[PDB]
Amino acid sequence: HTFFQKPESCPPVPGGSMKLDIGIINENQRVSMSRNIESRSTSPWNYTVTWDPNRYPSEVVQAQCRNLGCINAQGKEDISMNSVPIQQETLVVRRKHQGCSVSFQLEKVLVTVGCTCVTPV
């Protein structure tokens, strides 16, 4: 909403654009999860690394649940139990235009981060 604005009575800026500072705060943090988490899960998933050279991050990994149900101790799928996806709403930056008139714009993308096992209702 009003998070990107200025008070009307402010000195104008061409294009009706805002100031985006350089540098990503915490650009260094790394995600840490169990190894092969998407295989060892009772509700395994597969990963698709979607790519876009005009988007930051360029690589956005989407997950897809491997089965309709969950896996049990034996390694068998159990359809009495459901494998459901977990969605995270995120933000990525899109790079607009060519030449020196390059600009950026926020984009909202929903990411499926993996799957969990639920009991159907």
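One rule holds for the numbers: they count along the sequence shown, beginning at 1.
Got a sec? Mean C-alpha B-factor, which is higher, 1-9 or 111-119? Comparing averages over the C-alpha atoms only gives 1-9.
Take the C-alpha B-factors listed in the entry for 49-57 and for 78-86, compute each mean, and give the stretch with the larger one. Of 78-86 and 49-57, the stretch with the higher C-alpha B-factor average is 78-86.
What third of the chain does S17 rank in for C-alpha temperature factor, lowest, middle or highest? Its C-alpha B-factor belongs to the highest third of this chain's values.
By the record's CA B-factor, is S103 among the lowest, middle or highest third of residues in the chain? Middle third by C-alpha B-factor.
Check where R35 lands among this chain's C-alpha B-factors and tell me if it's the lowest, middle or highest third. Its C-alpha B-factor, which the entry lists for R35, ranks in the highest third among residues of this chain.
Which third, lowest, middle or highest, does the C-alpha temperature factor of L68 belong to within its own chain? As the PDB entry reports it, the C-alpha B-factor of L68 lands in the middle third of its chain.
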